[PDB]
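Before any comments, here is the structure.
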Amino acid sequence: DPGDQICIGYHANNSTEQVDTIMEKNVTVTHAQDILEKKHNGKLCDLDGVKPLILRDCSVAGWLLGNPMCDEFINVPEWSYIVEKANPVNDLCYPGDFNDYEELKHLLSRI
Amino acid sequence: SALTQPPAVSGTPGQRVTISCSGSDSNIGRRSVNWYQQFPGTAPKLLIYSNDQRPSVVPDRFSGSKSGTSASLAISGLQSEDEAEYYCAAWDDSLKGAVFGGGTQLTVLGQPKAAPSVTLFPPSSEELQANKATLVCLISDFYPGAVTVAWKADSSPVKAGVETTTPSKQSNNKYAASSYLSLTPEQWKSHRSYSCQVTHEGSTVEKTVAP
Amino acid sequence: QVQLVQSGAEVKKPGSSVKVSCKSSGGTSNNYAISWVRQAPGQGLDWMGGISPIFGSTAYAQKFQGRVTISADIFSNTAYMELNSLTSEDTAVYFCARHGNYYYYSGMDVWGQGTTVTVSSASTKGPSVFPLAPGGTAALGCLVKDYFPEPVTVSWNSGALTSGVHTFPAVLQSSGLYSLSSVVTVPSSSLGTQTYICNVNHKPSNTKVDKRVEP
Amino acid sequence: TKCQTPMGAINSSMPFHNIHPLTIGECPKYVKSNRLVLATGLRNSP
Amino acid sequence: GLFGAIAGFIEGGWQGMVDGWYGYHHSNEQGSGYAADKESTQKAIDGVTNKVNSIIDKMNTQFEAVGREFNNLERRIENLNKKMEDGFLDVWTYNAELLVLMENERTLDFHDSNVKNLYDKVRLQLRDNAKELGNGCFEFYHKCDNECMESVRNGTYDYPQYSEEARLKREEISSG
Amino acid sequence: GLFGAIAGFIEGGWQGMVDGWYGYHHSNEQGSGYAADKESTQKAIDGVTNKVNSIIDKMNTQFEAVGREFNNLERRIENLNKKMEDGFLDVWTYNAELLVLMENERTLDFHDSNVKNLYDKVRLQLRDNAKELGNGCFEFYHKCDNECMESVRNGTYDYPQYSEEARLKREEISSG
Amino acid sequence: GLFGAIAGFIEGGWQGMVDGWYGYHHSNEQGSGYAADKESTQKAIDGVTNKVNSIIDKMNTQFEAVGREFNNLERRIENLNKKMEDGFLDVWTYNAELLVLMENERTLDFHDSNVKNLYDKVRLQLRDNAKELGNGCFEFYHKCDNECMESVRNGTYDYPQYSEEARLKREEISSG
Ligand SMILES: *[C@@H]1O[C@H](CO)[C@@H](O)[C@H](O)[C@H]1NC(C)=O
Ligand SMILES: *[C@@H]1O[C@H](CO)[C@@H](O)[C@H](O)[C@H]1NC(C)=O
Ligand SMILES: *[C@@H]1O[C@H](CO)[C@@H](O)[C@H](O)[C@H]1NC(C)=O
Ligand SMILES: *[C@@H]1O[C@H](CO)[C@@H](O)[C@H](O)[C@H]1NC(C)=O
Ligand SMILES: *[C@@H]1O[C@H](CO)[C@@H](O)[C@H](O)[C@H]1NC(C)=O
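So the sequence lines, in the order shown, correspond to chains B, R, E, C, A, P and U. Start counting the first sequence at 1; every next residue gets the next number (the working numbering). Start counting the second sequence at 1001; every next residue gets the next number (the working numbering). Start counting the third sequence at 2001; every next residue gets the next number (the working numbering). Start counting the fourth sequence at 3001; every next residue gets the next number (the working numbering). Start counting the fifth sequence at 4001; every next residue gets the next number (the working numbering). Start counting the sixth sequence at 5001; every next residue gets the next number (the working numbering). Start counting the seventh sequence at 6001; every next residue gets the next number (the working numbering).
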């Protein structure tokens, strides 16, 4: 007559989450942990409560020399970071050059 | 519920006190019991686990046991600091969830009675001008922590606008309460005397104000 | 030694949702179950459910199934409880507590400090404050009327007078508003000399009132 | 936000992100990956 | 898997085992049911918890790109800057993707090892007081009530207590 | 090796087993011969194929040196450029050599694991219907013709079918 | 550990075993004592020796920081230089810390594997001439004097020599 039994076994569930290993791909597992953030909010925000200086159509040169199209920036409050467009239209209105400009922009990166 | 405990137990310093916990087959019957101690306004503390096991930080005067579908917590040598609420708990295999008893309040006997100090403030002039009137009755320094409050209009009992707080424990381990009487400035003028009556263990403390 | 630190008190209107956090500091709790247990005023402990985030388990009490969501962020060592469709039956202190191991059977040995959630349809309203006018010693105070929600802070003489001060717990009226009284006991000789002012601060309405209390 | 990138801000406790390399603030670490998932549980077969 | 247990000699997992990663199912006169092995479960959780932390801690100081600007006659240093920043971002992308694939391989084999070792823990307590069925189960040659089953699950099974009952039964069977 | 089979309890490999990496040799009244275990062989091939691909894929974006020139008064940036390019070439040389030694260690143990698990797959089907000889072989207590051998190799061996014949033979032997 | 032997079925180590990492303890009419398994010990030492060398050899060419100076209007290249040097020092710090944690995990499991394989080497020589006790020990069904014990320890145990003595004893026991 059949005897009492004990069996050894392990957890299963209805998970369809998958992970990859070196020898195998798309291995279905009971539980896994995503560690990569892929989302953002698409906006430029205050950084820990401090608003950035957003130069809009002005360059740093336009701001600091005071291109008169840059009057939004005649005095600017404390900022957390500065945002500049790739090719601001309000820059050196009277044409010319600004000596050691990139070095100045580097200094600005710590002010 | 699911687990059932006496609402109250008491003892004197050094006495042995026990607190029972009745369950069913689906919990205490087939699962381990944990006990928790809780002082008012603070989180519970684990006192016993697995029926009879004691965390290293818990005094050895605390012990637990389990028989059948029942459990018991024993406190040998009661100390004053043991006055607290006690909860039993177990997993329940029918509810598939953790369950708790309703709690037992342990009182350590022997603390001296203290009669209530009363202060009664009449409506302020400012408030009358705002067309309201409030009688403020402040009760303090009583023990045990349970009073009842009667308000007297002249000598008649008021049956309206009385709002009284629950008793609360003061820093000095005695209790405080407060009761508020709300009247129209006309009702405040309409009578010659108002009185707050605080009865504490049979004896009644009185104060009175006149408009 | 791990401590569990919960988020602060919440005041919610009926039908809303509340999400309370429990941060494990001084070490992780990710390898343990954490439960959420609530305690309604004057009532006993009641299990809501729990989570054991590496193990991969989330469990719920049948009586809250569907209304509560429990979750965890293993990277910030934080567990959360969100309770939806709030009514006054949910006014309670909510605790998080860690079990002795990865599951919910073991005794809960580390507890958070608790988070009070108060559910009410009352609207935020700053207090109206009235003086309570006064031998050896005298009693004078301030009546702090018809405010919502808790709390109010009361000081005397801009914090300079602390002795003999007794601020009583508020009464909650049937209107849904609170009122409290603060009374100070002082020498009656010191009455036609020292001035007595109570300062009442009610942050939620940004109310700040001083009130002079004269004989 | 506590973490800003030129494309948008990040609110996350993930150790890594793939939004843009040039960030400021308290940010996850940038990688080029489209997917990073750690196993915790067991193989789960049909 | 490397250890031959999960989807190996034990054909599949149990949807019914919810309170542990590894555990037991028993059947005797008193009835049948699941029970977790909480010790091996907790050990494995602790290991995976540490693994996750280790991975994140070691990546805690990695390369942070910084905007730098250059004019039209600094193209060489502009290009060096770009290659340098890209170079580190590729190194760190590789380190993260590779570490995750390597550790994932090890985590799934770790579970298989844990199941195998649990099976052997039971096998070496029972010895010839039970028959190995070949599918992760043992059939006892003696009656094994709930307290006896619990002694197997907690590593206190008392072989001498049952050895004569089992010998009689083994002999009955072997005698035919 | 870690799993104790290859050059372990199985003393050596078979030059005669050409159509699988792991497999069987049988002998019965009908004759003797080799047969591959095609399932474990294919699984292992698939794993090694993926391994090779993984290694190459993860190295697909690594550092590319670019010629840059500097004049005689740009020696500092010339030196920074050289260190930067050399620095990445050393990182990537390390990553490749190390990955190959680590994965080679794992591949040879993977084969050992596969042989061990094949042996156990047979052992747990046969149970006490055969004697373990200790050298990778089993001696049956019942006659096992070619269809029976094939049932062992394909995991469908029917223990109950042969258990009485084996019991009689085990008893004959044990009775002396 | 992954292989279930060290602090597994073998409850603890032996302070008395000083001349090997793995070995045996025997007891017979002649007395009792420890003896190293020198072959498995030496193999493991050789492996760990190579491991240490491999780790150091692969780190032999790693990044060397060099002082470079810049004036007050070369802040951009000064910053690029700092990031570049720091960047490599972080890569190499990661490579060293991670390699050490990974290899440490593998070394402790390697020892566990070696103990398990030693136990199985004895188990598969003895077969049913001895009883497995479940704790790392075997109890012989035949007398096993010092030369016989040495044949077990050196892999030359002669099963046929003792099989009849063991059968008689196994039958005495099984007959009760
Ligand atoms: C998975 O789904 C099946 C139905 O196919 C159900 O029987 C089982 O309980 C589910 N498993 C769990 C753990 O919920
Ligand atoms: C893994 O799954 C994805 C779909 O989510 C698929 O595109 C990819 O081909 C799969 N990989 C392999 C190798 O099966
Ligand atoms: C193990 O199980 C048995 C049940 O038979 C019990 O008596 C014993 O207390 C348990 N021991 C431990 C160490 O948990
Ligand atoms: C396995 O082998 C037996 C030979 O006896 C055969 O009858 C059966 O079809 C085979 N089954 C499978 C699943 O290949
Ligand atoms: C192994 O041990 C036996 C002792 O009985 C001895 O006769 C023999 O020489 C040894 N053989 C080897 C290969 O060391």
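The beta carbon of each residue, even a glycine, is placed where N, CA and C say it ideally should be.
Selection from the options that minimises the alpha carbon distance to residue i
i: C:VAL3031; options: A:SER4054, A:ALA4044, A:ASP4086; result: A:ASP4086
i: E:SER2024; options: E:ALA2061, E:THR2069, E:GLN2043, E:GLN2113; result: E:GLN2113
i: R:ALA1089; options: R:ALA1130, R:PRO1123, R:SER1125, R:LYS1045; result: R:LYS1045
i: E:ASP2073; options: E:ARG2038, E:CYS2022, E:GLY2107; result: E:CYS2022
i: C:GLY3008; options: B:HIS31, B:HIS40, B:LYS51, B:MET23; result: B:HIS40
i: E:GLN2173; options: R:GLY1161, R:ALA1098, R:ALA1176; result: R:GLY1161
i: A:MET4102; options: A:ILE4055, A:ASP4090, A:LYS4083; result: A:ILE4055
i: R:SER1026; options: R:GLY1103, R:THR1069, R:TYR1036, R:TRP1035; result: R:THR1069
i: A:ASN4095; options: A:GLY4016, A:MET4149, A:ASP4019, A:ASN4060; result: A:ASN4060
i: A:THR4156; options: A:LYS4121, A:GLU4172, A:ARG4167; result: A:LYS4121
i: R:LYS1159; options: R:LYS1066, R:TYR1180, R:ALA1130; result: R:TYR1180
i: B:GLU37; options: C:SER3012, C:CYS3003, C:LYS3002; result: C:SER3012
i: R:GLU1085; options: R:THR1104, R:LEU1095, R:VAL1099; result: R:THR1104
C-beta neighbour in chain P for residue i, strict 8 Å
i: A:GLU4078; result: no
Contact check, residue i vs residue j, beta carbons under 8 Å
i: U:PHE6063; j: U:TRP6092; result: yes
i: E:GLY2141; j: E:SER2182; result: yes
i: R:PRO1167; j: R:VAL1147; result: yes
i: R:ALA1071; j: R:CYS1021; result: yes
i: P:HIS5142; j: P:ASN5154; result: no
Residue i - containing alpha helix (DSSP H), residue span
i: A:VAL4152; result: 4146-4153
i: E:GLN2194; result: That residue, E:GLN2194, is in no alpha helix (DSSP H); it is neither H nor E in DSSP.
i: P:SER5040; result: 5038-5058
i: R:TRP1188; result: 1185-1190
i: A:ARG4167; result: 4159-4175
i: B:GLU103; result: 101-108
Limits of the unbroken beta strand (DSSP E) element including residue i
i: P:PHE5088; result: Unbroken run through P:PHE5088 is the alpha helix (DSSP H), 5075-5126; no beta strand (DSSP E).
i: R:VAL1009; result: 1008-1011
i: B:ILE6; result: 5-10
i: E:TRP2047; result: 2045-2052
i: R:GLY1145; result: Unbroken run through R:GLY1145: none, as it is neither H nor E.
i: B:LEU64; result: Careful: B:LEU64 lies outside any beta strand (DSSP E), inside the alpha helix (DSSP H) at 60-65.
Chain A contact for residue i (CB, 8 Å cutoff)
i: B:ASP48; result: no
i: B:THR21; result: yes
i: B:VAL27; result: yes
Below-8 Å beta-carbon distance, residue i vs any chain R residue
i: E:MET2108; result: yes
Closer than 8 Å to chain B by CB, residue i
i: C:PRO3021; result: no
i: C:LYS3002; result: yes
i: U:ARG6153; result: no
Proximity test, Cβ basis, 8 Å: residue i and chain E
i: R:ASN1173; result: no
i: R:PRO1059; result: no
Cutoff 8 Å: residue i Cβ touching any chain C Cβ
i: B:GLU37; result: yes
i: B:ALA32; result: yes
i: A:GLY4001; result: yes
CB contact check: residue i to chain U, cutoff 8 Å
i: P:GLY5013; result: no
Query - Residues from the segment 5058-5072 of chain P in contact with chain A, defined by Cβ distance under 7 Å - result: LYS5058, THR5061, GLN5062, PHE5063, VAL5066, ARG5068
Query raised in the report: Of the residues that make up the segment 6018-6045 of chain U, which ones have a beta carbon closer than 8 Å to any beta carbon in chain P?
Result: none
Report task. Give the residues from the segment 93-106 of chain B that approach chain U closer than 8 Å (Cβ to any Cβ), ordered along the chain. Result -> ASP100, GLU102, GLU103, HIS106
Requested in this report: Could you please tell me which residues of the segment 5091-5107 of chain P, in chain order, have their CB closer than 7 Å to any CB of chain A?
Outcome: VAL5091, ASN5095
Query - Near-chain A residues of the segment 2056-2082 of chain E - C-beta to any C-beta below 8 Å - result: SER2057, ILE2074, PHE2075
Query raised in the report: the segment 2041-2055 of chain E: which residues have C-beta closer than 7 Å to a C-beta of chain A, in chain order?
Result: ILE2054, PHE2055
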